[PDB]
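Right, one structure below, let's go through it.
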Number of protein chains: 4
Amino acid sequence: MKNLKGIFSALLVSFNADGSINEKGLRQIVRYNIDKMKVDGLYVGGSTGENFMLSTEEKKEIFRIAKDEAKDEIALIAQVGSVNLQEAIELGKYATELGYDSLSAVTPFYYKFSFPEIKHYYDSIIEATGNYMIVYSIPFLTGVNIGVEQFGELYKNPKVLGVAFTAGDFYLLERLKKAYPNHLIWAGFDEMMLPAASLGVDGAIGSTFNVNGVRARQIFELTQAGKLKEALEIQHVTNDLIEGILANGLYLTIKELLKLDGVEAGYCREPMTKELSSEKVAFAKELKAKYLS
Amino acid sequence: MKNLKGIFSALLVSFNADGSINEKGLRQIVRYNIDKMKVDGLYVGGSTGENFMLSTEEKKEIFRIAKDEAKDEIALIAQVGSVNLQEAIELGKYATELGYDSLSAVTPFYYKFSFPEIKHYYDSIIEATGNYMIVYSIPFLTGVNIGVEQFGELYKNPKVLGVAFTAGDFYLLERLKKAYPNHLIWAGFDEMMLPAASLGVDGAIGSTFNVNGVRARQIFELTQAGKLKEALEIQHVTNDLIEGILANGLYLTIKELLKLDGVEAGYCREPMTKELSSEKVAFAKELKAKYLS
Amino acid sequence: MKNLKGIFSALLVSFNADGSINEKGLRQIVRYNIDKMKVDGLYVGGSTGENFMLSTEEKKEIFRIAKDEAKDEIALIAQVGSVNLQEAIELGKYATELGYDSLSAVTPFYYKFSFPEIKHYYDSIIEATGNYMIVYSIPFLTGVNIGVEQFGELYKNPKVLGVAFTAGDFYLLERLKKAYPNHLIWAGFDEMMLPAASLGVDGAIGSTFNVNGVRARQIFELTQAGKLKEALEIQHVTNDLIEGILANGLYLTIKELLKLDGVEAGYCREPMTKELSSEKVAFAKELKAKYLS
Amino acid sequence: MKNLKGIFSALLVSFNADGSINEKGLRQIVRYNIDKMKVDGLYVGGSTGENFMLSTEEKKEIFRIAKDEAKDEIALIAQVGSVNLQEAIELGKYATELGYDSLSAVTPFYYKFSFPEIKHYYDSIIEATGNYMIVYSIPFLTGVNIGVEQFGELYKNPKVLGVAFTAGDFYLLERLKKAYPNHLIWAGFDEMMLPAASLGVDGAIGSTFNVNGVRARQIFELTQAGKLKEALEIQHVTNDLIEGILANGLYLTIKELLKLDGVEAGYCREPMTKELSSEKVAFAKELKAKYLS
Ligand SMILES: O=C(CO)N[C@@H]([C@@H](O)[C@H](O)[C@H](O)CO)[C@@H](O)CC(=O)C(=O)O
Ligand SMILES: O=C(CO)N[C@@H]([C@@H](O)[C@H](O)[C@H](O)CO)[C@@H](O)CC(=O)C(=O)O
Ligand SMILES: O=C(CO)N[C@@H]([C@@H](O)[C@H](O)[C@H](O)CO)[C@@H](O)CC(=O)C(=O)O
Ligand SMILES: O=C(CO)N[C@@H]([C@@H](O)[C@H](O)[C@H](O)CO)[C@@H](O)CC(=O)C(=O)O
């Protein structure tokens, strides 16, 4: 398998005003991430891709386009999970047929699934697809917390590579590295990249890398090299940008910052707010002038 | 329009071992609720229907079968909500064409939608379908809390009838009746039916009414009649049953109790546990003998 | 032992601007509750008494004054709990010597005590004082949740009489009445008095009964009588008042409403806001005119 | 003022079986921290000192003994906060008279204090004592969350030096350093020392430094020097020890580990479990052999 370490943008998708995928803009976002953000890979179909608001056919179309555009130039991870295991299997087979390097799956949500249910969900997608699997943990959205011993159970399936860790529990993080030193962790919070990197995460997956992937890689590499003073300066500027993005509307503002570099990054999909008001456009432009010029 | 007050079973769905819908079993469930449980209506496609684990086609087939079977004998509400607004619109159109008496929609979940996004979601479904709408509030699963003022904003759409209140905040409940006296509330927690009835809810939507509809009606009517001593005895026996069902696995145990009365209620849908372990099958038989014999 | 059923005001305390106790005002509060509010008893030293902001000497002086004033006319319960078990013991001894009819104690808070630590705390107070004990449950402030089985363990001490249930879990409440039919429950949320009464609570302990004791008795007795239409009207007016008091500052506004009836209810104790801002003084006068005139 | 940067043990207190302070053992704990753990300073009266279970007289006695034993050899910070502002002022004057280098105060808890109330509490202790003030933030115990802008308001009082940050929000941490670069942060979670240090905290306050202060200082210094690989090894061993301590009972196990080096660290104070069972003694000894031999 391709090396799955380093910087992965969580791929945003270009939507038309009616909510349909804009293929031309999606291809532009892919190309911008490869050529300009110089990412190691793309995480496709995650929360950033507005995935959970889309139909099965739409998720396939995104997987097909992203893989057609990226070809073999970078690593590609397909997030196929949802509350629907039969959909996760179907998407998982599809992305596997398309040559995606690993699958990833959000812990099933909404219903209060027991841990054995959650494990069986992972084991079923793996068995049905035969592909690698990255557990996607995002407690602040799912309300699901997985402990060290529970991760170990998940890791008994030798196709589980590790965890996309969109959590802030740095004690849990350190304990997962100690217990399962050969399993990978990708840090999911961009605004906490430096401290996650200081504990030896193997890479990161983030929304803001679609526009700030140059700083993200510096923070990651500089931390790993022990150049903490410099990584901290770059985290500080990054977090001024991120604080601004979050204040303005995270997905719409990253898209606006893409548009300001000529990427037809499109609308967001309803029920998210579909377009930035003119005041927030002006705000995004200030962020561009201050941080990305 | 049909009277939507009174006792609504939240319809359970009969699944095959492979997760496909068993139509024969699903019709037996609908018939049993109408003929034996004597419900006023069915709430179709909600959390009890295992709706969120299903594909769009499957949710349509369920709406079709339930309406095929029940025809015009009882009231029918279609829960069409989800994270996917375009799916909610499609399902609302379909259910509206089938002649469902109102739609209902879960507050959109997973992402942290703002209240104006949540309102637009309701107003969009309504506008696209032309049908009545019941707001579906289940904070314990969605993490969405709507205040009295926010319900007022929702209720400015005159096709919003009120709320399926799967919530235990009885201060909120009394305040909604005070502020919006002409808007309906259906209580969603069967184990707190009596106190909710004491505050003048217009009916109730419940998973356990599929097997305990006789008692539930009694609690409701005895409470509305001011016969609280008797209502309370029956709530106590009902809650001995409910406590048993919760410890044994909520939806599986309701299904097993149906099966024990000859209703082919089938399996649950993965990634919920698909069948009861053997000792839990036996526990279910003991609840049948103690409470539903 | 005195009958401890019925309506208990949670006693407010009159403070001077410097935070010292105003005895004259505190006696006026006790008299007003007995003579005008017609309470069955007072719950002295609980959260409404601003007890947790006070020194040991101050908590004794309050117990002394309240018992001095009320003598034997009404029932008297002393809340002596805290994080400090040795203080709870000292206060329980003192209150027991004064002739308080039962002690009560808050679950110990701040630290995350285990259930066996929590049980030992109750059993220690009981053993040292020889007096009856009411468990004081207020999860919204302490973060401590006690299950039915845990209450059973507490109730194995035969001097535990039941629970001051400042909690909204009406499933839990019905289950406690089912499992421990001879143990008492006092409802703690005044704004949900009616549904709690519908489940057979033995009385209620309330901050707002210091000014709204006439209505509260009515809701309680009308509900116990099965006259729910009338109980509900009075709960609605009571909750218009309570909503006003909460928005305006709970304890200050109850004190201002006392003051407006000539009861010198004094200041609140820092670090609570010591006095109402001027516009809030005026808001309190408008609640008086609307609801307590 | 003495330099307040670096490693501060949160001082444990030796109690007798009856709950009284054992002065001889308290002096031994102080001396062990100065001479053997080589701490920069002691944080006296915090959660680790079992402070919130003690009387005012007892808190004074601890302050008096700790200061008499330490003299001027290290920095000393006195945690004087509680729900009782008048007690916090009294303790604050006392510790100030004794020559404590700064005061610190927990955000007032139990009651849901507003932010202006919290700020006035800090401003009152400062004004009454004239001493420096370190805000003590421990959300997981108090339930109080203070945002960046709210910290800025607190910092408008030029005697506030910064924050003892017993929180895990490393985004908040990074933002406080960016907004208030001259204000100090002490990290409060020992098991997350390395990532807190990687963001430039100025020191740490922790329970486990009373026994692991040699490793703690290596992790802190090595991180600051950019020797991340080595600091991570030492954090890994430290966290094996800490995981064990927490599993066994945190305060009793640190005390047991002190006893195994000849410190008469005493009992814990009720309502905490007062003594370790013989199995947990044996467990502590294994921790000693594995990590502290
Ligand atoms: O909640 C989110 C927003 O998508 N998490 C993302 C994080 O980058 C935040 O956006 C960022 O740190 C600001 O909070 C990230 O983990 C991307 C992702 O997980 C996905 O596409 O599934
Ligand atoms: O979460 C649930 C279980 O589906 N809520 C249901 C409730 O009956 C509980 O099962 C019951 O009180 C046991 O706790 C109910 O409100 C039905 C419903 O909401 C739906 O199907 O959408
Ligand atoms: O938290 C409170 C306010 O002290 N609880 C009180 C309640 O009356 C509320 O104030 C009321 O329902 C408004 O929400 C009450 O249970 C009295 C009490 O517990 C005590 O003093 O210990
Ligand atoms: O909750 C605690 C336990 O006292 N926090 C302490 C932390 O060291 C933990 O004990 C440690 O990281 C393990 O969780 C620490 O911040 C000491 C302290 O704050 C105080 O004395 O007030």
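Starting from 1 in every chain, residues are counted up; chains themselves are A, B, ... following the order of the structure tokens, and ligands are numbered from 1 as listed.
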Tell me the residues of chain C close to chain B, meaning within 10 Å using only C-alpha atoms, as an MDAnalysis selection string. chainID C and resid 168:175 177:179 189:200 223:229 231:233 235:237 239:240 243
Go ahead and save the picked residues with N, CA, C and O atoms, as a short mmCIF file (atom, residue, chain, number, x, y, z; two decimals), in the first residue's frame.
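Contents of again-v7.cif, freshly written:
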```cif
data_model
loop_
_atom_site.label_atom_id
_atom_site.label_comp_id
_atom_site.auth_asym_id
_atom_site.auth_seq_id
_atom_site.Cartn_x
_atom_site.Cartn_y
_atom_site.Cartn_z
N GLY C 168 -35.43 16.37 37.67
CA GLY C 168 -36.56 16.33 36.71
C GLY C 168 -36.78 14.96 36.08
O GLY C 168 -37.62 14.82 35.21
N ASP C 169 -36.08 13.92 36.56
CA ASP C 169 -36.20 12.59 35.95
C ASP C 169 -37.43 11.91 36.53
O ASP C 169 -37.41 11.27 37.58
N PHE C 170 -38.54 12.10 35.84
CA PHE C 170 -39.77 11.51 36.33
C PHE C 170 -39.91 9.99 36.12
O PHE C 170 -40.81 9.38 36.72
N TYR C 171 -39.05 9.41 35.28
CA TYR C 171 -38.94 7.95 35.21
C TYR C 171 -38.31 7.44 36.54
O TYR C 171 -38.90 6.59 37.23
N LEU C 172 -37.16 8.01 36.89
CA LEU C 172 -36.53 7.74 38.16
C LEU C 172 -37.51 7.92 39.32
O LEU C 172 -37.59 7.06 40.20
N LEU C 173 -38.23 9.03 39.34
CA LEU C 173 -39.15 9.31 40.43
C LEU C 173 -40.23 8.18 40.56
O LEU C 173 -40.46 7.62 41.66
N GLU C 174 -40.82 7.80 39.43
CA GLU C 174 -41.87 6.72 39.48
C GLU C 174 -41.23 5.41 39.95
O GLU C 174 -41.84 4.65 40.70
N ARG C 175 -40.00 5.13 39.47
CA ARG C 175 -39.29 3.91 39.87
C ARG C 175 -38.96 3.85 41.37
O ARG C 175 -38.95 2.76 41.95
N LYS C 177 -40.74 5.38 43.77
CA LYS C 177 -42.03 5.08 44.42
C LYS C 177 -42.44 3.62 44.29
O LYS C 177 -43.02 3.03 45.23
N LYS C 178 -42.14 3.02 43.13
CA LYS C 178 -42.41 1.60 42.94
C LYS C 178 -41.57 0.73 43.84
O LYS C 178 -42.08 -0.14 44.56
N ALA C 179 -40.25 0.97 43.82
CA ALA C 179 -39.34 0.12 44.54
C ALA C 179 -39.38 0.35 46.06
O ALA C 179 -39.25 -0.60 46.84
N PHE C 189 -38.52 20.84 42.06
CA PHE C 189 -38.69 21.85 41.03
C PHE C 189 -40.10 22.38 41.00
O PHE C 189 -41.01 21.71 40.56
N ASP C 190 -40.23 23.62 41.45
CA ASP C 190 -41.55 24.24 41.67
C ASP C 190 -42.30 24.36 40.37
O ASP C 190 -43.54 24.30 40.36
N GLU C 191 -41.55 24.57 39.27
CA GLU C 191 -42.14 24.74 37.96
C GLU C 191 -42.63 23.41 37.33
O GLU C 191 -43.17 23.40 36.21
N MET C 192 -42.42 22.30 38.03
CA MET C 192 -42.89 21.01 37.55
C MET C 192 -43.63 20.31 38.70
O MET C 192 -43.57 19.08 38.86
N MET C 193 -44.27 21.14 39.54
CA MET C 193 -44.88 20.62 40.76
C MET C 193 -46.00 19.66 40.31
O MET C 193 -46.11 18.53 40.83
N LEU C 194 -46.83 20.13 39.38
CA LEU C 194 -48.04 19.37 38.96
C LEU C 194 -47.68 17.94 38.45
O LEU C 194 -48.18 16.94 39.01
N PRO C 195 -46.77 17.81 37.43
CA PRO C 195 -46.44 16.43 37.05
C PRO C 195 -45.83 15.59 38.17
O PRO C 195 -46.00 14.36 38.18
N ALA C 196 -45.09 16.21 39.09
CA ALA C 196 -44.51 15.46 40.21
C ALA C 196 -45.58 15.00 41.22
O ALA C 196 -45.64 13.81 41.65
N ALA C 197 -46.46 15.93 41.55
CA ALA C 197 -47.70 15.57 42.26
C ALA C 197 -48.52 14.45 41.61
O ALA C 197 -49.04 13.58 42.33
N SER C 198 -48.65 14.46 40.27
CA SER C 198 -49.41 13.40 39.58
C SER C 198 -48.82 12.01 39.84
O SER C 198 -49.53 11.03 39.78
N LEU C 199 -47.50 11.93 40.14
CA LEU C 199 -46.84 10.66 40.47
C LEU C 199 -46.81 10.31 41.97
O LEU C 199 -46.12 9.38 42.40
N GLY C 200 -47.56 11.06 42.79
CA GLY C 200 -47.64 10.73 44.19
C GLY C 200 -46.47 11.10 45.12
O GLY C 200 -46.31 10.44 46.17
N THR C 223 -54.09 18.67 42.45
CA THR C 223 -53.55 17.51 41.72
C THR C 223 -53.79 16.18 42.46
O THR C 223 -54.29 15.22 41.85
N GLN C 224 -53.48 16.14 43.76
CA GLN C 224 -53.75 14.95 44.58
C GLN C 224 -55.26 14.61 44.57
O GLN C 224 -55.67 13.47 44.80
N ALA C 225 -56.08 15.60 44.32
CA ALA C 225 -57.52 15.38 44.30
C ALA C 225 -58.08 14.95 42.94
O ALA C 225 -59.32 14.66 42.79
N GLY C 226 -57.21 14.91 41.95
CA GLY C 226 -57.57 14.61 40.56
C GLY C 226 -58.23 15.75 39.77
O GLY C 226 -58.72 15.55 38.65
N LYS C 227 -58.25 16.95 40.36
CA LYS C 227 -58.77 18.16 39.70
C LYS C 227 -57.65 18.78 38.83
O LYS C 227 -57.15 19.86 39.15
N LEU C 228 -57.31 18.10 37.73
CA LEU C 228 -56.15 18.53 36.93
C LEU C 228 -56.38 19.77 36.09
O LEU C 228 -55.44 20.52 35.87
N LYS C 229 -57.61 20.01 35.62
CA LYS C 229 -57.89 21.20 34.82
C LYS C 229 -57.53 22.44 35.65
O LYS C 229 -56.82 23.34 35.16
N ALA C 231 -55.78 22.52 38.59
CA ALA C 231 -54.33 22.49 38.93
C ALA C 231 -53.47 23.07 37.83
O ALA C 231 -52.50 23.81 38.11
N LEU C 232 -53.79 22.71 36.58
CA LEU C 232 -52.99 23.14 35.43
C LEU C 232 -53.11 24.66 35.23
O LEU C 232 -52.10 25.32 34.92
N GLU C 233 -54.32 25.24 35.39
CA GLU C 233 -54.43 26.70 35.25
C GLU C 233 -53.49 27.36 36.24
O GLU C 233 -52.83 28.35 35.93
N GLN C 235 -50.85 26.14 37.81
CA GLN C 235 -49.46 25.90 37.42
C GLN C 235 -49.03 26.84 36.29
O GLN C 235 -47.88 27.26 36.26
N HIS C 236 -49.93 27.13 35.34
CA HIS C 236 -49.59 28.04 34.25
C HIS C 236 -49.30 29.44 34.77
O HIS C 236 -48.31 30.01 34.36
N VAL C 237 -50.12 29.97 35.71
CA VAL C 237 -49.91 31.32 36.27
C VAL C 237 -48.67 31.30 37.13
O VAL C 237 -47.84 32.24 37.09
N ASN C 239 -46.15 29.42 36.67
CA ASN C 239 -44.96 29.37 35.80
C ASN C 239 -44.69 30.66 35.02
O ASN C 239 -43.50 30.95 34.64
N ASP C 240 -45.73 31.45 34.80
CA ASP C 240 -45.51 32.84 34.32
C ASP C 240 -44.73 33.62 35.37
O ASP C 240 -43.73 34.32 35.03
N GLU C 243 -41.09 32.03 35.59
CA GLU C 243 -40.25 32.44 34.43
C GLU C 243 -39.72 33.88 34.64
O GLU C 243 -38.54 34.16 34.41
#
```
Mind listing the residues within 6 Å of ligand 4, only C-alpha atoms and all ligand atoms counted, as number ranges by chain? D: 10, 46-49, 166, 188-191, 205-208
Those residues you just picked out, can you put them in a file as a compact mmCIF listing (two decimals), in the first residue's frame with N, CA, C and O atoms?
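Listed below is the output, again-v4.txt:
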```
# COMPACT_ATOMS: atom_id res chain seq x y z
N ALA D 10 1.49 20.19 43.86
CA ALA D 10 0.26 20.51 44.57
C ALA D 10 0.35 19.71 45.90
O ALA D 10 0.38 18.46 45.91
N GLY D 46 -4.74 23.40 47.41
CA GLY D 46 -5.53 23.16 46.15
C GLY D 46 -6.34 21.88 46.33
O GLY D 46 -6.38 21.32 47.42
N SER D 47 -6.90 21.38 45.24
CA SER D 47 -7.72 20.16 45.26
C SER D 47 -6.92 18.96 45.85
O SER D 47 -7.41 18.20 46.66
N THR D 48 -5.63 18.88 45.47
CA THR D 48 -4.72 17.78 45.96
C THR D 48 -4.54 17.78 47.49
O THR D 48 -4.35 16.72 48.14
N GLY D 49 -4.61 18.95 48.08
CA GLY D 49 -4.45 19.06 49.53
C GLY D 49 -5.71 18.69 50.29
O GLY D 49 -5.76 18.86 51.56
N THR D 166 -5.98 23.69 34.78
CA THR D 166 -6.27 22.25 34.94
C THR D 166 -7.44 21.94 34.00
O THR D 166 -8.57 21.58 34.40
N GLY D 188 -2.02 22.02 34.37
CA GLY D 188 -2.51 21.27 35.53
C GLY D 188 -2.65 19.78 35.30
O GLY D 188 -2.90 19.02 36.24
N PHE D 189 -2.62 19.32 34.07
CA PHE D 189 -2.68 17.84 33.91
C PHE D 189 -1.34 17.23 33.60
O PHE D 189 -0.82 17.33 32.49
N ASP D 190 -0.87 16.48 34.60
CA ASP D 190 0.49 15.87 34.61
C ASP D 190 0.66 14.91 33.44
O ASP D 190 1.79 14.80 32.88
N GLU D 191 -0.41 14.19 33.08
CA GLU D 191 -0.42 13.20 32.00
C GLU D 191 -0.47 13.81 30.61
O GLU D 191 -0.46 13.09 29.58
N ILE D 205 1.58 22.72 37.74
CA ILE D 205 1.18 22.41 39.08
C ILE D 205 0.57 21.01 39.03
O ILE D 205 -0.35 20.76 38.25
N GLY D 206 1.10 20.09 39.80
CA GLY D 206 0.48 18.74 39.77
C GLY D 206 0.59 17.89 41.01
O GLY D 206 1.59 18.00 41.78
N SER D 207 -0.42 17.03 41.22
CA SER D 207 -0.40 16.10 42.34
C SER D 207 0.80 15.11 42.23
O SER D 207 1.39 14.74 43.24
N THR D 208 1.13 14.65 41.03
CA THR D 208 2.02 13.48 40.97
C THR D 208 3.49 13.88 41.13
O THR D 208 4.33 13.00 41.34
```
Residues near residue 107 of chain C, anyone? I mean within 7 Å using only C-alpha atoms, not counting same-chain ones fewer than 2 positions away, as a CSV table (one decimal) with N, CA, C and O atoms, in the first residue's frame.
```csv
chain,number,residue,atom,x,y,z
C,105,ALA,N,-29.0,16.0,53.9
C,105,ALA,CA,-27.6,16.3,53.4
C,105,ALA,C,-27.5,16.2,51.9
C,105,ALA,O,-27.8,15.1,51.3
C,109,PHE,N,-20.0,16.9,47.0
C,109,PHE,CA,-19.7,17.4,45.7
C,109,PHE,C,-18.3,17.9,45.5
C,109,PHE,O,-17.4,17.6,46.3
C,118,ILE,N,-20.0,8.1,49.2
C,118,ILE,CA,-21.3,8.8,49.4
C,118,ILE,C,-22.2,8.1,50.5
C,118,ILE,O,-22.7,8.8,51.4
C,136,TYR,N,-30.4,14.6,50.0
C,136,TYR,CA,-30.7,15.8,49.2
C,136,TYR,C,-30.1,15.6,47.8
C,136,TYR,O,-28.9,15.7,47.7
C,137,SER,N,-30.9,15.4,46.8
C,137,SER,CA,-30.4,15.1,45.4
C,137,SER,C,-30.6,16.3,44.5
C,137,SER,O,-31.8,16.6,44.3
```
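Those residues that approach residue 3 of chain D to within 12 Å, counting only C-alpha atoms, are residues 6, 7, 8, 40, 41, 73, 74, 75, 76, 77, 101, 102, 161, 184, 202 and 203 of chain D; same-chain residues fewer than 3 positions away are not listed.
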Write the residues of the selection above to a file with C-alpha atoms, as a PDB file, in the first residue's frame.
```pdb
ATOM      1  CA  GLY D   6       8.637  25.838  36.522  1.00  0.00           C
ATOM      2  CA  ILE D   7       7.559  22.819  38.617  1.00  0.00           C
ATOM      3  CA  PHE D   8       5.070  23.173  41.570  1.00  0.00           C
ATOM      4  CA  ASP D  40      10.497  25.146  42.250  1.00  0.00           C
ATOM      5  CA  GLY D  41       7.532  25.764  44.506  1.00  0.00           C
ATOM      6  CA  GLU D  73      13.712  28.077  49.995  1.00  0.00           C
ATOM      7  CA  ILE D  74      11.051  27.785  47.263  1.00  0.00           C
ATOM      8  CA  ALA D  75       8.098  29.763  45.792  1.00  0.00           C
ATOM      9  CA  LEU D  76       4.743  29.294  47.552  1.00  0.00           C
ATOM     10  CA  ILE D  77       1.305  29.871  46.160  1.00  0.00           C
ATOM     11  CA  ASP D 101       4.270  34.702  46.945  1.00  0.00           C
ATOM     12  CA  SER D 102       0.859  34.812  45.257  1.00  0.00           C
ATOM     13  CA  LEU D 161      -0.658  37.004  36.944  1.00  0.00           C
ATOM     14  CA  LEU D 184       1.529  33.074  32.818  1.00  0.00           C
ATOM     15  CA  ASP D 202       5.431  28.630  31.941  1.00  0.00           C
ATOM     16  CA  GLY D 203       5.327  25.822  34.443  1.00  0.00           C
TER      17      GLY D 203
END
```
